[PDB]
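Trainee: could you work out the structure for the sequence below:
(chains A, B, C, D, E, F, G, H and I, ligands or ions: 2)
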Amino acid sequence: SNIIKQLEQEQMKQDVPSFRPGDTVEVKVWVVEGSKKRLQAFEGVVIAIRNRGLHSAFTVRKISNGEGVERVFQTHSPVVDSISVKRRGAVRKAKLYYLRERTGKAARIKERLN
Amino acid sequence: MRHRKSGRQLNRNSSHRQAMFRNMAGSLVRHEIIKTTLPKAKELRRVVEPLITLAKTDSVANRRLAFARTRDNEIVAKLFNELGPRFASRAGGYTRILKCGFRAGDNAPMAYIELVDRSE
Amino acid sequence: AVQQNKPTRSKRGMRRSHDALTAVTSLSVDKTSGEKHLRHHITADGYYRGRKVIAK
Amino acid sequence: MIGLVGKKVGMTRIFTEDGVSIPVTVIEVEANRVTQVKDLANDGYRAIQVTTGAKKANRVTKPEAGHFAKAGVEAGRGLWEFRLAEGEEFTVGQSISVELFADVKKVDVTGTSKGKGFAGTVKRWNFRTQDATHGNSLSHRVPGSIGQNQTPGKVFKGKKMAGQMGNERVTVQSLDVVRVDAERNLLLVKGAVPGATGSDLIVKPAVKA
Amino acid sequence: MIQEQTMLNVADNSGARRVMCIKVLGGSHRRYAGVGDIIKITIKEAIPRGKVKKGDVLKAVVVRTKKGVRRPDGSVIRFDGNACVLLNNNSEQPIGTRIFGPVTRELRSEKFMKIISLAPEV
RNA sequence: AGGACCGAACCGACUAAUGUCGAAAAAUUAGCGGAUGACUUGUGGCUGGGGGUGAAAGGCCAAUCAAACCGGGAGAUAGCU
RNA sequence: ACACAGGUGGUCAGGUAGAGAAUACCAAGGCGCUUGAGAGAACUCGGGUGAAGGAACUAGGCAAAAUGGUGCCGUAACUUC
RNA sequence: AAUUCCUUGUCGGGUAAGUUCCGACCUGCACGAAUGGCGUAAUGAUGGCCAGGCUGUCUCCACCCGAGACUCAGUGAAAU
RNA sequence: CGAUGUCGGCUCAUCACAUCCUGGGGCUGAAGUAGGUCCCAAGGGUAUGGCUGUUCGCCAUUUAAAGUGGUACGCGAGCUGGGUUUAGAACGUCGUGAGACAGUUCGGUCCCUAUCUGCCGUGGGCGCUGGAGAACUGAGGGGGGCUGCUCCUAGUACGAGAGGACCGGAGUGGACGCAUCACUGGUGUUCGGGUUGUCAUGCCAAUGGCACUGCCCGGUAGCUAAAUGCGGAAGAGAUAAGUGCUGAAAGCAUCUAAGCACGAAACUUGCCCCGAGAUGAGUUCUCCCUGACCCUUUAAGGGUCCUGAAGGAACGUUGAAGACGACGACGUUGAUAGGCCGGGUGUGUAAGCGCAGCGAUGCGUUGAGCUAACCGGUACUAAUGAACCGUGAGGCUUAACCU
Ligand SMILES: COC(=O)c1c(OC)cc2cc3c(c(O)c2c1C)C(=O)[C@]1(OC)C(=O)C=C(OC)[C@@H](O)[C@]1(O)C3=O
Ligand SMILES: [Mg+2]
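Mentor: Residues are numbered from 1 along each chain as shown, chains lettered A, B, ... in the order given. Ligands and ions are numbered 1, 2, ... in the order given. What follows is the structure:
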């Protein structure tokens, strides 16, 4: 409907970087510890992008110290502070779900340099 | 439960539906009027009218895209030459369904469907 | 699964009270030709709303 | 107090400043206009009868067209009724808008829910499905036993069986009002209300407070 | 989403390497355990020099799930595997000293602050 | 070489589901066993009813088997219904 | 007993892939199985896919899923070698 | 124990929990030496038991694709 | 005994109360916490596993609690067939034997298309006294009702100490129910892509068929849970067990005889849903019809002609409504469906051409091409002028009212 689109475009953040799946992206989110409120980085490869306007999302796969972490981020949420593309990746797919069962030298993807 | 679902299953599987709608789209192009069942005629507008809209732009990509459908070079030649420019000003709605009685064999409601020129 | 007494002719008469057919009551006339037909159906000659659509 | 009649137009979410996303339902509540005010002397009870929206002139029949012409209001679609809660009085022809909910904090949204058609007992009443194998002959989603034996000799009234599910008047109680926007004729309530998108809602303040 | 018979990895250095949930604690007919819930486990596989041995019935708090926890803005944090940290079967304050891998902010719950301190991330 | 191995035809019939007023008075579907042998198959023979035949189940002997079928004694007999 | 999903000995037997008369797609040849038309409920049958868990099911892993080819490397207890 | 009634004997193993299984004990209701006793490689659509893999078997079902069911036309049964 | 189906499990139950939990009290050898016992109370709630065919039981681990019974030891025209009750075989034992077990053990066909009652749903007919369109009133009925934990009160009351509250308040779960698709996901054989074998489109290139959607990788809409909203109440009336006030019979005493006040998840309401076939058929608002004649056994009579309202139905386009009916939207004075246009979304850089390379293949054109059910539009196509049904002031009696 038209009333939904008018109510959602009042709420979208208007400065978002244009990244693709396969890109390596550092995301800074707002972490609250009591009254203290800092920023914590979460840098990994982007494996899927849900492109839905205000309901847009993207999940980032980060192989941390011994464990693989997979975190989705609502893009226009005020929790996500900064999105920055560290490295552009060259994959010819939209969803990179095959990366969940690959480690090390098989889970790396080639630079785009387009 | 079928909420907002489109497309008639028509008591076939999906390969039969794609095959027979490929057949009666080419015969609707060839003779410019056919007699069929009324539920089968309403589902033919969702097949043959994108084939006429594909004929508005004569290109090698469109003629191969309209050859991946209909699988018949005589249909690709009557489109893009005799149906593309002939319907080039019509903004959709290239067919017309006219109900014609009931079939004698099984009491099936029948319909004529034709391209809207048929000037003889 | 099966009946225990047989139903009477009175009972199958009451079940068949909805088996009764209904008529059409909606024969039209053509604009030019004058033939009787159904609503939204072409005539036997091939007219619909005063236009020989079928040419056959 | 009295309620208002709106129209469910989709769902969306509101992002608050402290991170929290709240799922809202956008109810479009136009200006309800009173068509009949009922009194104790003429009706045995006091209530108001409002209408909302608009209806085409060739579809408004002559009996109901005279009912709108007596109030002198525009012929909207549908007619609803709200009992006056002993401390409010309304005049015929008054236009009530969504800014009545500007101080209400919880509402009860009554709608007609989605219709599931003929539903089995697994969907309708959350019956446990029998086992898929280990012998089972033609009895997977069947209800099983429906009564006891010769001593009851019957099925009890109100036995949970298959049948029509949904397409039914459902009220969801105590929904938080997120935002009342009188200029866009909007009402955002936190959560899900009954019905599909485009259906009539009856929004009234929550009696459970 | 941990139920009975679920095999979990072990996130501290207590000695166990693979444990199996035998009960989800707190409330009747409770089917699942999230990422801050306490389960009863048995130890199916341990290291030789550990503080716990195979076949031992004690408690554990779930710290990681493949299903994951949902933050209050829609966001979900999923892991590659279910992990837990072994408790003391009649008290809190876990047996192990080091804690491996990340944890979640939901574990910051006034009695697992020992686990928040010893964890390398989150 | 082999009552060897895997595996079609062919011969069997272990499990499951369907069917069970069946499509069928025992099958179908999906798997299953043997598959150069104490194998299997065509044609023609031989064994006949207290008899045959039986790697033996009281199995089989024309959809019938703790004594076949047909005709006769015969309207057996029935303190039973 | 049927215009019956069964039974019936022998002969001929191509192309591409394949070890192959397996299997898949085709040739020669032969067919669409003698009620159709719609709709897209429960439920039943035959299937497909499934979050997290992974036999907790159950009399019993019944059923389903899985394994699967060729070359090479490698292979324990036990043994009548 | 294909044998044991008391009995789920006792003890050990495996399990968080084991009337089953395995190992042992001997008080063998009522084992036993060609109506064979005790072993045994290989074998088995054989009986029990455990483990890995695997999974809608299940927690707990959801959705989809077809065939019926439902409606229309033609034909047209059955048990009782 | 011319058939009434055996154990347990599954699925689904329903009732009782001799009450397991929650609730209200009396007594205690009741300090508090926690109990014991008795009384009242059936509103709701009342485990998962290991072993075994088992009910049971033992054990492990839970839980506020893991209640006891009745209902053909509920439930096989609902399922199973492990147990025992057929035919095979063997062991122990008994018997000379055929065979048989206070016995073990391995194997072993579970049919029914629902006429009636009942029940879940959903229609048709008629009635409700002129017809019709709406909105209601509510008799009556149904659903729902469970509870933990932490904190505050307060380490206060209590106690030598260890311990540790009542009464109130806040927060948060488990189980269960309803709704929903905004998010997280499943599905998505109608969307896009990759790839194997083979056949075909004359061939290359490009595509199509078939092989379970050939095998797969994603994925729109819808549907849906694991997803996330909400609910269980407070209050009120009458009480149970119980505690009382005043008070005699019986100068006192005494909760009771007169009178009076409290008192529980039970009862009646409050909350949600159905509901005037509630034949006691209700109420309100609005709309429509105010023509002639004849005939007879003159009656709430029959017949002809003219008329044909409001409204309904039928038909068509349909729907987040649906088995069919029904229900909702629309029918040209029209966005109802299809198409079309723009967008979105999904998939990941189409074909053709050019370039680089021996070639496979890469690069450029190019986030390209295609894109279902989605959104916003747009009369291009199909929703027809009609006809059909339903009428022509609506009984009697009595009262009160204008005449
Ligand atoms: C106690 O358990 C029974 O009540 C029972 C049973 O429980 C499932 C099944 C059956 C099955 C059957 C029979 C039964 O008696 C029987 C019995 C008694 C027969 O008598 C049978 O005819 C039907 C026949 O005459 C000869 C045969 O073998 C010689 C059988 O195979 C037979 O064919 C059959 O199927
Ligand atoms: Mg037999």
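Trainee: the residue of chain A found nearest chain E and residue D:110, how far apart?
Mentor: Distances from chain A to chain E, computed as CB to the nearest CB, single out residue A:68 as the nearest residue at 3.7 Å. Any C-beta I mention is one placed from the backbone N, CA and C, and that applies to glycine too. Distance from residue A:68 to residue D:110, counting by CB to CB, to the nearest Å: 48 Å.
Trainee: one step back: check contacts around the closest residue in space to the residue of chain A closest to chain E that isn't next to it in sequence.
Mentor: Excluding its sequence neighbours, the residue lying closest to residue A:68 (CB to CB, 6 or more residues apart in numbering or on different chains) is residue E:80, at 3.7 Å. Contact criterion CB atoms under 8 Å, 6 or more residues apart in numbering or on different chains gives A:67-70, A:100, E:66 as the residues in contact with residue E:80.
Trainee: let's go with 10 Å and repeat that
Mentor: For residue E:80, the residues meeting the contact criterion (CB atoms under 10 Å, 6 or more residues apart in numbering or on different chains) are A:61, A:63-64, A:67-70, A:100-101, A:103, E:64, E:66, E:101.
Trainee: dump those residues to CSV, plus secondary structure.
Mentor: Below are the contacts of residue E:80 laid out as CSV (DSSP: H, G, I helix; E, B strand; the rest coil):
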residue, secondary structure
A:61, strand
A:63, strand
A:64, coil
A:67, coil
A:68, strand
A:69, strand
A:70, strand
A:100, helix
A:101, helix
A:103, coil
E:64, strand
E:66, coil
E:101, coil
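Trainee: buried subset of the residues you listed as a PyMOL selection?
Mentor: Written as a PyMOL command, the selection of buried residues from the contacts of residue E:80, which uses 16 or more other CB atoms under 10 Å in any protein chain shown, is:
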select buried, (chain A and resi 61+63+64+67+68+69+70) or (chain E and resi 64+101)
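Trainee: okay, whichever strand or helix holds residue D:11 in CSV with CA atoms only?
Mentor: Using DSSP states H and E, residue D:11 maps to strand D:4-15. Only the C-alpha atoms of strand D:4-15 are listed here, as CSV (Å, rounded to 0.1, in the frame of the first residue of the first chain):
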residue,chain,number,x,y,z
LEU,D,4,-13.8,3.3,16.3
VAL,D,5,-13.9,1.4,13.0
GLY,D,6,-10.8,1.2,10.8
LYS,D,7,-9.1,-0.9,8.2
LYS,D,8,-6.1,-3.2,8.5
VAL,D,9,-3.5,-2.1,6.0
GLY,D,10,-0.4,-4.3,6.3
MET,D,11,2.2,-4.7,9.0
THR,D,12,5.5,-2.9,9.5
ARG,D,13,7.9,-2.2,12.4
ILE,D,14,8.9,0.9,14.3
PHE,D,15,12.6,1.3,15.2
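Trainee: just give me the neighbour total for residue 28.
Mentor: Picking chain A for this. Residue A:28 has 17 neighbouring residues, counting by other CB atoms under 10 Å in any protein chain shown.
Trainee: please go with chain E instead
Mentor: Residue E:28: 4 surrounding residues under other CB under 10 Å.
Trainee: how about residue A:46?
Mentor: The local packing count at residue A:46 equals 23, with neighbours defined by other CB under 10 Å.
Trainee: same question for the one 3 residues further on.
Mentor: Residue A:49 is surrounded by 19 other residues when neighbours are defined as other CB under 10 Å.
Trainee: doesn't it belong to a helix?
Mentor: No: when classified by three-state DSSP, residue A:49 is found to be strand rather than part of a helix.
Trainee: for it, name its beta-bridge partners.
Mentor: For residue A:49, the beta-bridge partners under DSSP bridges are residue A:58.
Trainee: for RNA strand G, what are the nearby residues on chain B?
Mentor: With CB under 7 Å from any atom of the strand as the criterion, chain B comes near RNA strand G at residues B:1-2, B:8-11, B:37, B:39-40, B:105-109.
Trainee: which SSE is residue E:117 in?
Mentor: helix E:113-118.
Trainee: quick check: buried residues in that helix?
Mentor: Buried residues in helix E:113-118, counting neighbours by 16+ other CB under 10 Å, are found at E:115-116, E:118.
Trainee: pull out the C-alpha coordinates of it and format them as PDB.
Mentor: Extracted in PDB, the C-alpha atoms of helix E:113-118 (Å, rounded to 0.1, in the frame of the first residue of the first chain):
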ATOM      1  CA  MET E 113      29.400 -13.100  35.200                       C
ATOM      2  CA  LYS E 114      32.300 -15.400  35.900                       C
ATOM      3  CA  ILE E 115      31.700 -16.800  32.400                       C
ATOM      4  CA  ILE E 116      31.500 -13.300  30.900                       C
ATOM      5  CA  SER E 117      34.900 -12.500  32.600                       C
ATOM      6  CA  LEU E 118      36.700 -15.600  31.400                       C
END
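Trainee: host element of residue D:82?
Mentor: When secondary structure is defined using DSSP H and E, the element that contains residue D:82 is strand D:77-83.
Trainee: which other helices and strands does the helix or strand following that strand contact?
Mentor: Scanning forward in sequence from strand D:77-83, with DSSP H and E defining helices and strands, the next element found is strand D:95-96. Based on contacts counted as 3 or more CB pairs under 10 Å, 6 or more residues apart in numbering or on different chains; DSSP states H and E, the elements that strand D:95-96 packs against are strand D:32-38, strand D:47-52.
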